[PDB]
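What follows is a single structure, written as structure tokens, with notes after it.
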Amino acid sequence: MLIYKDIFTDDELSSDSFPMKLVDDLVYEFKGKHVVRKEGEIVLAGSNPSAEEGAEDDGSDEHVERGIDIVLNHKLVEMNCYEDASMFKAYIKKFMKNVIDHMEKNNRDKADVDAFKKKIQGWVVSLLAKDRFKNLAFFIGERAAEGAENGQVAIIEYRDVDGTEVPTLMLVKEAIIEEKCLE
């Protein structure tokens, strides 16, 4: 059992026995599973095939909170850098300013911050390159997306390991605080 909190979306971000990793001492690999919340009958293939938008003004779906378990946990709103290029760029500027400044309070010395800065800046420039990274689905906490806050984007990907689609959340260490709960 682990309780997850962000700098901005700290309040209700996440809280369950989720498998999590720290890669490169930079990013948390937070694994989930593709599921649907359907208030009547949980069927994963029993969801609205959203061709264009699925923006049906009177009932977008049939109470099918379709997505991955990571997103459906706290109800994170989807965004795609294809159309959301400007909005997502705003959150990226918020992100890099937040994470480096967070570390500038932790370190200040230019030993760890400037090192971290090369890693995270280099990481995101590679990570946002849709040529191969087009398997990313960008999400943001309902709280941060309501007030246009300085909260970061939850970077989701679907991955194909041993014939299984595994959706893994990517978040930076420097805006996330893992709170272990083992009595």
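Scheme for the structure tokens: letters A, B, ... for chains in order shown; per-chain residue numbers from 1; ligand numbers from 1 in order shown.
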**Report entry** DSSP strand (DSSP E) residues within segment 1-171 of chain A, listed as a ChimeraX atom specification
**Finding:** /A:2-6,14-16,20-23,27-31,34-38,64-68,77-79,136-140,153-161,164-171
**Report entry** Shell around residue 42 of chain A at 12 Å using only C-alpha atoms, local window under 5 positions removed, as a ChimeraX atom specification
**Finding:** /A:35-37,47,62-66
Report task. Tell me, as a list in words, which residues lie within 9 Å of residue 152 of chain A, counting only C-alpha atoms; anything in the same chain fewer than 5 positions away does not count. Result ->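 Here the answer would be residues 6, 8, 9, 91, 92, 94, 95, 98, 140, 141, 144, 171 and 175 of chain A.
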Requested in this report: Using only C-alpha atoms, find the one residue out of A:181, A:161, A:7, A:2 that sits nearest to residue 99 of chain A.
Outcome: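 The closest residue to residue 99 of chain A is A:7.
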**Report entry** Which residue of A:156, A:13, A:90, A:23 approaches residue 139 of chain A most closely, using only C-alpha atoms
**Finding:**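 Of A:156, A:13, A:90, A:23, the one nearest residue 139 of chain A is A:156, counting only C-alpha atoms.
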Query - Best match for closeness to residue 82 of chain A among A:153, A:26, A:137, A:169, counting only C-alpha atoms - result: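 Result for the nearest residue to residue 82 of chain A: A:137.
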**Report entry** Residues of chain A in alpha helix (DSSP H), written as a PyMOL selection string
**Finding:** chain A and resi 69-74+85-106+112-127+130-133
Write the residues of the preceding selection, restricted to N, CA and C atoms, as a compact mmCIF listing (two decimals), in the first residue's frame.
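Listed below is the output, out_17.txt:
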# COMPACT_ATOMS: atom_id res chain seq x y z
N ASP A 69 -6.33 2.18 -15.40
CA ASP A 69 -6.61 2.17 -13.95
C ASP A 69 -5.96 3.36 -13.23
N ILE A 70 -4.80 3.80 -13.77
CA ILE A 70 -4.05 4.97 -13.28
C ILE A 70 -4.93 6.24 -13.37
N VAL A 71 -5.48 6.45 -14.57
CA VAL A 71 -6.30 7.61 -14.90
C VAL A 71 -7.64 7.57 -14.16
N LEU A 72 -8.31 6.41 -14.20
CA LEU A 72 -9.66 6.23 -13.64
C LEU A 72 -9.67 6.33 -12.11
N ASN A 73 -8.50 6.08 -11.49
CA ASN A 73 -8.29 6.18 -10.03
C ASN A 73 -8.73 7.57 -9.51
N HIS A 74 -8.17 8.62 -10.13
CA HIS A 74 -8.39 10.02 -9.70
C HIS A 74 -9.16 10.85 -10.76
N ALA A 85 -0.78 21.14 -28.36
CA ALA A 85 0.64 21.57 -28.44
C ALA A 85 0.92 22.85 -27.61
N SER A 86 0.05 23.86 -27.73
CA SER A 86 0.20 25.14 -27.02
C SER A 86 -0.02 24.98 -25.49
N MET A 87 -1.13 24.34 -25.11
CA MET A 87 -1.51 24.10 -23.69
C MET A 87 -0.45 23.27 -22.95
N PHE A 88 -0.04 22.19 -23.61
CA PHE A 88 0.97 21.25 -23.12
C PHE A 88 2.34 21.94 -22.99
N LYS A 89 2.66 22.86 -23.93
CA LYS A 89 3.90 23.67 -23.88
C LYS A 89 3.91 24.58 -22.64
N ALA A 90 2.73 25.12 -22.29
CA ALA A 90 2.56 25.94 -21.09
C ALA A 90 2.89 25.11 -19.84
N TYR A 91 2.31 23.89 -19.76
CA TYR A 91 2.54 22.95 -18.64
C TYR A 91 3.98 22.45 -18.56
N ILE A 92 4.64 22.32 -19.72
CA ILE A 92 6.07 21.97 -19.81
C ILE A 92 6.96 23.09 -19.24
N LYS A 93 6.62 24.36 -19.53
CA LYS A 93 7.35 25.51 -18.97
C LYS A 93 7.14 25.60 -17.45
N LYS A 94 5.91 25.26 -17.00
CA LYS A 94 5.55 25.19 -15.58
C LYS A 94 6.35 24.07 -14.89
N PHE A 95 6.37 22.91 -15.57
CA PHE A 95 7.09 21.69 -15.17
C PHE A 95 8.58 21.96 -14.91
N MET A 96 9.31 22.40 -15.96
CA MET A 96 10.78 22.58 -15.89
C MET A 96 11.16 23.64 -14.84
N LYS A 97 10.35 24.72 -14.74
CA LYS A 97 10.58 25.78 -13.75
C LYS A 97 10.37 25.24 -12.32
N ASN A 98 9.31 24.43 -12.16
CA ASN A 98 8.92 23.84 -10.86
C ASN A 98 9.98 22.85 -10.36
N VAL A 99 10.32 21.87 -11.20
CA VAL A 99 11.18 20.73 -10.82
C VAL A 99 12.63 21.17 -10.51
N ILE A 100 13.18 22.10 -11.32
CA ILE A 100 14.54 22.61 -11.10
C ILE A 100 14.57 23.47 -9.81
N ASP A 101 13.57 24.37 -9.65
CA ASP A 101 13.47 25.27 -8.48
C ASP A 101 13.23 24.49 -7.17
N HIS A 102 12.47 23.38 -7.28
CA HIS A 102 12.22 22.44 -6.17
C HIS A 102 13.56 21.88 -5.68
N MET A 103 14.37 21.44 -6.65
CA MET A 103 15.71 20.89 -6.41
C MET A 103 16.69 22.00 -5.97
N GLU A 104 16.46 23.26 -6.41
CA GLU A 104 17.31 24.43 -6.02
C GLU A 104 17.18 24.75 -4.54
N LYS A 105 16.05 24.34 -3.96
CA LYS A 105 15.79 24.48 -2.52
C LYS A 105 16.38 23.27 -1.77
N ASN A 106 16.41 22.11 -2.44
CA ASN A 106 16.95 20.85 -1.88
C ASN A 106 18.50 20.86 -1.87
N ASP A 112 23.91 19.06 -7.78
CA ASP A 112 22.81 18.13 -8.08
C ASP A 112 21.78 18.76 -9.01
N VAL A 113 21.53 20.08 -8.88
CA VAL A 113 20.48 20.77 -9.68
C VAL A 113 20.84 20.85 -11.17
N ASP A 114 22.10 21.23 -11.46
CA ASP A 114 22.58 21.43 -12.84
C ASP A 114 22.75 20.08 -13.54
N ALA A 115 23.11 19.04 -12.76
CA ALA A 115 23.19 17.66 -13.24
C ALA A 115 21.78 17.16 -13.62
N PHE A 116 20.85 17.30 -12.65
CA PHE A 116 19.42 16.94 -12.80
C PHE A 116 18.80 17.69 -13.98
N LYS A 117 19.22 18.94 -14.16
CA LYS A 117 18.71 19.85 -15.20
C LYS A 117 19.05 19.33 -16.60
N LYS A 118 20.30 18.87 -16.78
CA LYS A 118 20.76 18.27 -18.05
C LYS A 118 19.97 16.98 -18.35
N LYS A 119 19.69 16.20 -17.29
CA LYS A 119 19.01 14.90 -17.41
C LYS A 119 17.53 15.07 -17.77
N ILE A 120 16.82 15.95 -17.03
CA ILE A 120 15.36 16.11 -17.18
C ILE A 120 15.02 16.87 -18.47
N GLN A 121 15.85 17.87 -18.83
CA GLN A 121 15.67 18.67 -20.05
C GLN A 121 15.94 17.76 -21.27
N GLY A 122 17.04 16.99 -21.20
CA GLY A 122 17.39 16.03 -22.24
C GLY A 122 16.34 14.93 -22.39
N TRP A 123 15.80 14.48 -21.25
CA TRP A 123 14.80 13.41 -21.18
C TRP A 123 13.51 13.85 -21.88
N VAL A 124 12.99 15.04 -21.51
CA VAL A 124 11.70 15.53 -22.03
C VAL A 124 11.79 15.84 -23.54
N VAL A 125 12.92 16.40 -24.01
CA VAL A 125 13.12 16.69 -25.45
C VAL A 125 13.05 15.40 -26.28
N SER A 126 13.63 14.31 -25.75
CA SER A 126 13.55 12.99 -26.38
C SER A 126 12.12 12.42 -26.26
N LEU A 127 11.55 12.54 -25.05
CA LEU A 127 10.27 11.91 -24.65
C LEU A 127 9.08 12.49 -25.44
N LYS A 130 7.31 12.75 -31.03
CA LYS A 130 6.16 11.91 -31.46
C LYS A 130 6.49 10.91 -32.59
N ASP A 131 7.69 11.02 -33.19
CA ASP A 131 8.13 10.14 -34.30
C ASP A 131 8.00 8.66 -33.90
N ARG A 132 8.50 8.35 -32.70
CA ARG A 132 8.34 7.03 -32.06
C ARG A 132 7.43 7.14 -30.81
N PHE A 133 7.51 8.28 -30.10
CA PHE A 133 6.78 8.53 -28.82
C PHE A 133 5.28 8.78 -28.99
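Taking atom CA of residue 165 of chain A as the reference point, atom CA of residue 34 of chain A is found at 7.9 Å.
Each of A:19, A:10, A:31, A:150 was checked against residue 68 of chain A using only C-alpha atoms; the smallest atom-to-atom distance is that of A:31.
You will find atom CA of residue 29 of chain A at 16.3 Å from atom CA of residue 1 of chain A.
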Query raised in the report: Rounded to one decimal in Å, what is the spacing between atom CA of residue 32 of chain A and atom CA of residue 155 of chain A?
Result: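 Atom-to-atom, atom CA of residue 32 of chain A and atom CA of residue 155 of chain A are spaced 12.5 Å apart.
Taking only C-alpha atoms into account, residue 172 of chain A lies nearest to A:28 out of the set A:14, A:28, A:76, A:107.
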Report task. Mind checking which residues fall within 8 Å of residue 178 of chain A, counting only C-alpha atoms, ignoring those fewer than 6 positions away in the same chain, and posting them as a list in words? Result ->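 With the cut-off at 8 Å, the set is residues 2, 3, 4 and 5 of chain A.
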